[PDB]
Amino acid sequence: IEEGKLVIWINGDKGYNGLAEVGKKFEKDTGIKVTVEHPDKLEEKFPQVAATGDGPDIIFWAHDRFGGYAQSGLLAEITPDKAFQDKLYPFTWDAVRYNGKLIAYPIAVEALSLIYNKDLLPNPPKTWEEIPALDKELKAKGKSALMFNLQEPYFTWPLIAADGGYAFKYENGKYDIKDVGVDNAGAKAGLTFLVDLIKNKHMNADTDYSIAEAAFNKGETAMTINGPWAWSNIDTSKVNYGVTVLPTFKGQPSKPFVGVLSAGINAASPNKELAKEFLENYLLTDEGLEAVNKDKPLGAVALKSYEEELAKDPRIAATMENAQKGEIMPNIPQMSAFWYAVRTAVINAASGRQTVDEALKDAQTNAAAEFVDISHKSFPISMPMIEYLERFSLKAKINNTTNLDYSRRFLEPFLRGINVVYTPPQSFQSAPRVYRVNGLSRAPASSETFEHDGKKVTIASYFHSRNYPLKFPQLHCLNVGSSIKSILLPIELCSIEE
Amino acid sequence: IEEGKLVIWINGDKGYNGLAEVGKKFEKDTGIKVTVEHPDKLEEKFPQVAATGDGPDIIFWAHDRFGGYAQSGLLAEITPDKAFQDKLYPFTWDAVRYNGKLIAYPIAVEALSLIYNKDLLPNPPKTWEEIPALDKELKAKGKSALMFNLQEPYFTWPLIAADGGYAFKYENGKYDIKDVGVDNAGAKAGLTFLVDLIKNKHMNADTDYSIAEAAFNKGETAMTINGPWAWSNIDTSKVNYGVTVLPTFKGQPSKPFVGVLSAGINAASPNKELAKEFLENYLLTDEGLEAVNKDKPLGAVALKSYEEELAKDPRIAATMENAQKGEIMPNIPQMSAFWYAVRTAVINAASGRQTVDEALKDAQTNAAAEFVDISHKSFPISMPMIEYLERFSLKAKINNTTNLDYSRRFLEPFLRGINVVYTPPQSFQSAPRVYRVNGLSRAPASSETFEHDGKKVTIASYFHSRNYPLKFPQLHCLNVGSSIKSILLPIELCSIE
Amino acid sequence: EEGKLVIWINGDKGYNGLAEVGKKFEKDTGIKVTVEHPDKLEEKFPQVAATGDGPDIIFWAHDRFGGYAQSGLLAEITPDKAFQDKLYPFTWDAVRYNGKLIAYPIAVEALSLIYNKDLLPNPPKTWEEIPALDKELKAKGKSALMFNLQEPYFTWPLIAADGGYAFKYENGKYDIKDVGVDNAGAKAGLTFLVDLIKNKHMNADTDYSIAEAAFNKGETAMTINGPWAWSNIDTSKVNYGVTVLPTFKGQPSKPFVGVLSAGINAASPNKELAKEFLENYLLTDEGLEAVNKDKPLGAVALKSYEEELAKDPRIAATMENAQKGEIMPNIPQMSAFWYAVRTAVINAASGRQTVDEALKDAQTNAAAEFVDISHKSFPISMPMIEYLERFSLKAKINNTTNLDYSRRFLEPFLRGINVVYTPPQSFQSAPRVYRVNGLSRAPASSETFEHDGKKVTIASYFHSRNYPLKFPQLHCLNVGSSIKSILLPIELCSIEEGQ
Ligand SMILES: OC[C@H]1O[C@H](O[C@H]2[C@H](O)[C@@H](O)[C@@H](O)O[C@@H]2CO)[C@H](O)[C@@H](O)[C@@H]1O
Ligand SMILES: OC[C@H]1O[C@H](O[C@H]2[C@H](O)[C@@H](O)[C@@H](O)O[C@@H]2CO)[C@H](O)[C@@H](O)[C@@H]1O
Ligand SMILES: OC[C@H]1O[C@H](O[C@H]2[C@H](O)[C@@H](O)[C@@H](O)O[C@@H]2CO)[C@H](O)[C@@H](O)[C@@H]1O
Ligand code: NI
Ligand code: NI
Ligand code: NI
Ligand code: NI
Ligand code: NI
Ligand code: NI
Ligand code: NI
Ligand code: NI
Ligand code: NI
C-alpha cells in the first residue's frame, strides 16, 4: 500500500528538518517527492504497521532495533557494493549486520556524554559520588546539580552498568540470551545510587527528557546527560556549555550503550531502488550529512570523509571518549525485551513503589523470558479447535476422512459449555465472534443442509460457492444454536483459549 | 608393519568412493598409490592395530575419538602453517585441538536432522509429543511415522539431551569428568519418552541404521533421523524428501552432539609427509571436497571456500540449524567410555530388559567409573600372594631380605585352608593350577632342597637353571603337599582370587 | 621525608643501574636521588608508609599496589595521553586500580626455564621426564633441576598448569569468594613437586640463593628464574639457554605474570620531582637501557625500547612463557593469597603436612574476608559516642544533645564499662584504660573544678589547651567515685567490644 515515492520516519529528537532538506535536493534531481515524518514511539509503531505491509519506505533508528525487525522480516537486505562499503567505517557496518546480511545503512555513532553549564560548574564532577554535595552547593543558589531523562533506561544504563551490570554476555562470538546481567550486584549498586539521589531530593523521579532539557537550557541545573542531537537547542539557548566524560561510580567509568543511527528499507517498500539511491548518493555524502548535522548533530558520522573533518570538534571527541568507555549495543531481537524490562524497573525503583532488588528481579526474569511460540497472535493463548480436539479428546490427528460419529459419545460432553472464537474467511468481509458451543451437529458439513430464498443447500456446498472450500467437508460442525434452531459452524474456522 | 604409500580408513556410511577418486588424482600426480578401506567398527579397530604399530596411514572419524587416540599416542601432530590454517574455520581446528596440539585435519561439520517424506508428511511434526498420534494416522495407511537407528546412542542422544541430559559438564575452560549428566532428571524424561514409543508399538526396539534407511527409502515410514551422508541414497530412491529441525521435547530443542569429520595421521605412518600433502593439497580443496561430497555429502565442510558455495543448500542449512541447537562433542578420552555406557543403556531400556532408572544408573556409573591400576592386566582381578601377605598378615612390605621364620607363629594359621592359584613362568610352557595351602615350607627356597635323577638341587637353584631367577630366593615357599609329601611353591608365583 | 628523592627497589633488580639514572637526574636538577634495597620491602613499605614514612618511589610487581592504593599509601600518578601512549596499554591496565592509575609500568616479567647447554643441550619438554633426567645427571655428579622453593612465585606455574588458580575472573572482575588453590588441578601439581622432593630429586630447603649459586657453578642442569637473573649467569661464563617451562599433564606451566611498577608514596612531598624522574629519565630508552644493562628488566613497557630489545630470544621466551601464564590480579587479597600459598607449598614440601592438609588451609586463608580499611589497629574499637548512639540512645548525638533526658537508662548502661581514654596528641600524654562508674552530674561546659586556687570548667580547660571539645554540652563519663570523681569527655573515649 506504499506509493511510487519516498516516505521516511526518523525520531523527533533527530534533525528531520535537515534530513528533509536532503529530500528536497533529491526531488530537484529526480522529481521523486521525499516526505519525512516523526511519529511518537516510532520504534514501536514501525513493527506494527510494517507487519501489515504498511509503514514508511525508510526507517531511521539506533541499530539495536533492526535485528528484531530483520527477524520479523520487516527489513530489506540493502545492497551496497564494496566501492560504497569502503566509504564508511567497517565497525559501523558490523552494527547493521544481522545473520551475515546487511540490513540498514549506518549513519552515525551516538553516545551520551555529560553536558554542563560552565558559568555554574566551571569544573564539573569527575564522579557520581560527589554529585550530592554539589547539589547542596547549587541548591543554595536556587539551582540543582544534575537533571536528565529518568523515564528512558538509555540514560540510566551508563551508571547501572559502570560497576558490572550488563544486558547479555558476549561469549566467544555471540550473545548468550540466557546470561542477563541486570540483576547482578554491580547493577544493583548503580541503580541504588540513583534511587538515593531521588531519595535525598537531589533529583526528581518523574523528570523526563523534556523537563530536563528545558531546565538545563534555562540554566536552572548545572548538568545534564544527553547526546549530540541535544547541542543545537543548547546553542540556541545561548547557554555556555561544555561536553565531557560521564562521572565515575565506585571508580568505574559509566558504560553508556552505544548506538549507531541506521536507516533500513521497509521490506514492503516498492521503492527500494529509489530508497538506496537517496541513501547512498544523497544522505551519505558530506553535503548530505552536513545538512542533517546542521539541524541537529549526528555525532560521529559513519562516512569516513565527513567524520574526518568534524573530528576536531571536542564535543564529538568527548562523545567518542564516552563511547570508548561504554559498548555498542547488541542488535539481537531480545533487545526490546531487555529495554522494556529495564524501563519499568528503573522507573518503579526510582519511584519507591518497588525496591532495587524487587525491580531488578523482575527485570532479570523479563529480559530472560523466552519467545512464546510464534504464530499465536493471541492472549489469552488461543488454539485452533481442530488441534484442540485432537490433543485433548480424540487423541488422534484429524483429516479429510475423520468421522466424528465414532466419537459422539465423549465429544459431546467435551464440547458442552465451550466458548469458541469463530472467525470467517477474510473474503467474507465479516468479523470474529465468540459463540458458546452446545454440541456437535447431527451430520457432516457436506451433509448438513439448510434453505434460503427457497433453496436447499449444504454448508459445504455454500462455502464452496463463496470460494472457501472447507478443508474438512466430512466433519460434523459445532452447534452454537440449540435443538432445532441450530447454528452450525465448521470446526476449522473456530478456536479456543488455554 | 607398513609401506611407502598411502592407506586410508574412513567409515562405510561416508563417501569412500569419492575420497578414492581424490586418491587417483593424487597418484596421477605423484605416482603414490592411495588405497581407501572401510573396515567394520574402524573407530574400534584403529586403536588396537595402531597400538601394534599397524593400521592405515590416515584415519577418518568424528573428532570425538581422536582425543583418546592422541592420548594413546596413536596420532601424529599435524603441521599446517598459518596460510593453510586460515583456509578453514577456526572452530573446526578447535575440535581437533588436543592438549594445545592439532591432531587431525578438520573436514566437515555433521549434525543429525529430521528427514521426512513430503508425499506423506507435507507438514512434519514440530515436537516429539505429537509423534504418537501421527503414527496412528500413518499406520492406518500401512505406514509408520518415524524410524531411525536405535542401536547407536548417537541418534538417541538428541532427545535424551533436549531436556537437560548431558555427557560431561564444561566448567570454566574444560570438562569435569566427575560431573556426568546421563543419570539426571532431564535425561530420564527423554529416554522414557523413547521407551514409550517402543512400548506403544510406535517404534521397534531392534530397529537399526539399515532397517530404517531402507524403510524410509522405500517410503514405508514418514520420517527418519540421519546425517548429510544419508541424502545420496535418498536421491537414488527418488523419494521426495525434506530435511528440517528435529522435533522438540517438553518444548526443548533436540540437542544433537555435533561432530567434525576429521582425518588423523597414524603416529607410526612412515608417509606422514605424503599424508599431509594429500590432505592439504588434494582433499581439502574445492575440487577435493566436491568429489567426496558428490559421492556422499559431508555436510558443512571446513574449507571456507567450498562451504561458502554449498551454503545455499537448505539441507546444509537445516544441518547447521540443528547444529546450532546441539553442541560439539568433547574430544576427551572419556568419550568412548561415555558412548559405550550410553549405548547399552538406551538399548536395554528400549528392550524392556531394564528400566530407564536402572539403565541410566549403570550408565552414570560406567561413564564416571575411575580407571584401575594399570598394573592389573587381566580379569578376574587376582591379588598376588606376596601383596596378600603384606596387607593382611605381615602388615609390612616384603623384600629380598625378609625372613618369614620370624612370622611362622601367625603366618601358618593364616595360610591353612587357603586356596591359591599357582601360575608358572610362561617359558615353562605349563598351565595355572589351583592348590590348597597346608602351610609354610620349613626353609627358604634357596635352602629348600629336593632330588631327581639322583641329584640334589634347591628350588632356587632349579628355577635359576630354567632361566627364571626367583625374585625372593630367601622366602619360605607355600607347602601344598597334601600329605607328608610336600610340594613347595615360591610365593611370588601364587595369587588368590 | 625531605626535599629530595629516595627510591626502594628489590635487591634482585638492577638498583645500581637505576642509580646511574639517579645520577643523571642530579646532574640536571641538583636533586639527589638515593636508591635503597631493604629486605622484604614489599612488606616494610606498607608498615612505614602507614606512619607517613618510607621512600618517595617504591618499585615492585603490580600485584602489591592494589593493596597499597587501598591503604591509601600511593599517590595517583598523572601522566597525560602523550606519555600514556609511549607505553603499552596492557601495562597501564596492570597499574590501574579502581579506575585510577597508581604507578608507572616499567616492564613485564615472567619466569622461564633456564638450562646449561653443555649438560642439557636438549632440555625437557615436560616435568614428568625430569625425574629420569635427574638420575642421568646424578651419575655425573650433577642434578637436573634447582629453583627457589621458598617463594610460591616459582612454584605456582606448576601448581596452576593443570587447573589451580588464585581468584576466578568473572565477567569483569575477580570473585574473592572463588579461590582455586584447593582444587584438583592444584593438588596434582603440588603433589608432583612434593614427589620430586620425596624422591630426592630436589631439596625442600632450596632457596633462590642456593639455586642461583648451583646453576651458576654448573652443578645443576636447569633452573627457573626471571630476566634479572641472566646477568649473574653471564658473569659465570656458563653456557645457558632460556626457554619454555616444561609441561605437566600436557598442560603449559602458567606462571603468574608481573609488571615491574613504580608508585609514588602518598606522603612524599616530592611527587612532582618523582614523576619528572620517572617520566623524563627512567622511562626512556637511555633510562631503561641503564637499568637493563645492570640486570634485565625483561620486556619493558616503553614501546620504543622494547621494540629494539625484542630480537633477544631470552625476552622472546620470556614472553612465550608469559603467553601461557596470566597477569596477576592487583587486588588487595593478593598478599593473603601469596602468604597462604607460601606456607602451604613449604610445609607440604617438607612433609610436615600433606598436600590436602596444606591446600585446605591455603584455601581457607586465601579467601579471607577483609575488614574495613578504616580500622587501622587491633583490638578493634568503637568511639564511645557512636557506641552510645547505636546501643543506648538509638539516636545521633550532636552539639545540642542533653543526656539528662537519658540518665535513667544511660547510667546502668555505663556501669562496669571499661573505656580507652586517649588525650589529644598535643597533650603529649598516653592512652589509658579506665572503668566507667557513671555519667557526670553536669555537661563539660558546666562541670567545674579548681587548681592552683582557680575555678575552671572542663570545657573551659580544654579550650585553653587548644582542644575545643566537639560537644561541650554533653555530660562526661565519671571514672572517679563517691564525690571523688574523674570526668572524661565522651568524645575522647572508645570501647574495644567483646567476643
Ligand atoms: O531507553 C531505551 C532506548 O534506548 C535507545 O534509544 C535511544 C536512541 O538510540 C537515541 O537515538 C535517542 O533517541 O534516544 C533513545 C532513548 O530515548 C535504543 O535504541 C532504544 O531501542 C531503547 O528503547
Ligand atoms: O553412537 C555413538 C557414536 O556417535 C558418533 O558416531 C557417529 C559419527 O560421528 C557420524 O559421522 C556417523 O558416522 O555415525 C556415527 C553413529 O553411528 C561418534 O562420533 C562415535 O564415536 C560414537 O561411538
Ligand atoms: O613468591 C610470592 C611473591 O611473588 C611475586 O614476587 C616476585 C616478583 O614479582 C619478581 O619480580 C621476583 O622478584 O620475585 C618475587 C618472588 O620472589 C609478587 O610480586 C609478590 O608480591 C609475592 O609475594
Ligand atoms: Ni513534532
Ligand atoms: Ni512528531
Ligand atoms: Ni435473503
Ligand atoms: Ni562394503
Ligand atoms: Ni567393509
Ligand atoms: Ni625325569
Ligand atoms: Ni641487597
Ligand atoms: Ni639490601
Ligand atoms: Ni599546679
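Protein chains in written order, with the deposited numbering: chain P, 1 to 371, 591 to 717; chain A, 1 to 371, 591 to 716; chain Z, 2 to 371, 591 to 719. Quick reminder that beta carbons are idealized off the backbone N, C-alpha and C, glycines included.
Residue nearest to residue i in terms of C-alpha spacing, selected from the options
i	options	result
P:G165	P:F338, P:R652, P:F60, P:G658	P:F338
A:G658	A:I710, A:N686, A:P270, A:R610	A:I710
A:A300	A:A323, A:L279, A:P692, A:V640	A:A323
A:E358	A:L191, A:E43, A:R627	A:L191
A:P153	A:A650, A:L360, A:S597	A:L360
P:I1	P:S684, P:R627, P:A51, P:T365	P:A51
P:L159	P:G326, P:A263, P:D57, P:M203	P:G326
P:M320	P:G227, P:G4, P:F647, P:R635	P:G227
A:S113	A:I703, A:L608, A:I316, A:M604	A:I316
A:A367	A:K178, A:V346, A:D196	A:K178
P:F46	P:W61, P:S305, P:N686, P:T92	P:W61
A:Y241	A:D208, A:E3, A:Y116, A:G173	A:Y116
P:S701	P:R661, P:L284, P:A369	P:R661
Within 8 angstroms, strictly: CB atoms of residue i and residue j
i	j	result
A:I678	A:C696	yes
A:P247	A:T127	yes
A:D94	A:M329	no
P:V96	P:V260	yes
residue 726 of chain Z	Z:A222	Residue 726 of chain Z lies beyond the range of chain Z shown here (2 to 719); nothing can be said about it.
A:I198	A:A350	yes
P:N266	P:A76	yes
Z:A263	Z:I131	no
A:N204	A:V239	no
P:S649	P:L630	no
A:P632	A:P663	no
A:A345	A:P256	no
A:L194	A:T244	no
A:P644	A:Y681	no
Counterpart residues of residue i in DSSP-defined beta bridges
i	result
P:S601	P:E716
Z:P663	Z:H695
Z:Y641	Z:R652, Z:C713
Z:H671	Z:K674
P:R97	P:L102
Secondary structure, alpha helix (DSSP H): runs of 4+ residues fully inside the region 102-152 of chain P: If we require 4 residues or more, the alpha helix (DSSP H) runs fully inside the region 102-152 of chain P come out as 131-140.
Length-filtered (3 minimum) beta strand (DSSP E) runs lying within the region 167-241 of chain P: Restricted to the region 167-241 of chain P, the beta strand (DSSP E) segments that are unbroken, complete and at least 3 residues in length are 174-181, 221-226, listed in chain order.
Beta strand (DSSP E) runs wholly inside the region 249-328 of chain A, at least 3 long, in chain order: The beta strand (DSSP E) runs lying completely inside the region 249-328 of chain A and spanning 3 residues or more are 257-265, given in chain order.
Any 3 or more C-beta pairs closer than 8 angstroms across the region 308-319 of chain P and the region 251-271 of chain P: With the rule of 3 Cβ pairs closer than 8 angstroms, the region 308-319 of chain P does not count as touching the region 251-271 of chain P.
Contiguous beta strand (DSSP E) assignments of at least 3 residues, all confined to the region 2-32 of chain A: Within the region 2-32 of chain A, the complete beta strand (DSSP E) runs of at least 3 residues are 6-9.
Stretch-stretch touch, CB-based, cutoff 8 angstroms, three pairs: the region 16-26 of chain P with the region 286-305 of chain P: At 8 angstroms Cβ cutoff, the stretches touch.
Continuous beta strand (DSSP E) assignments of at least 3 residues falling wholly in the region 56-86 of chain A: Those beta strand (DSSP E) runs which fall completely within the region 56-86 of chain A and span 3+ residues are 58-62.
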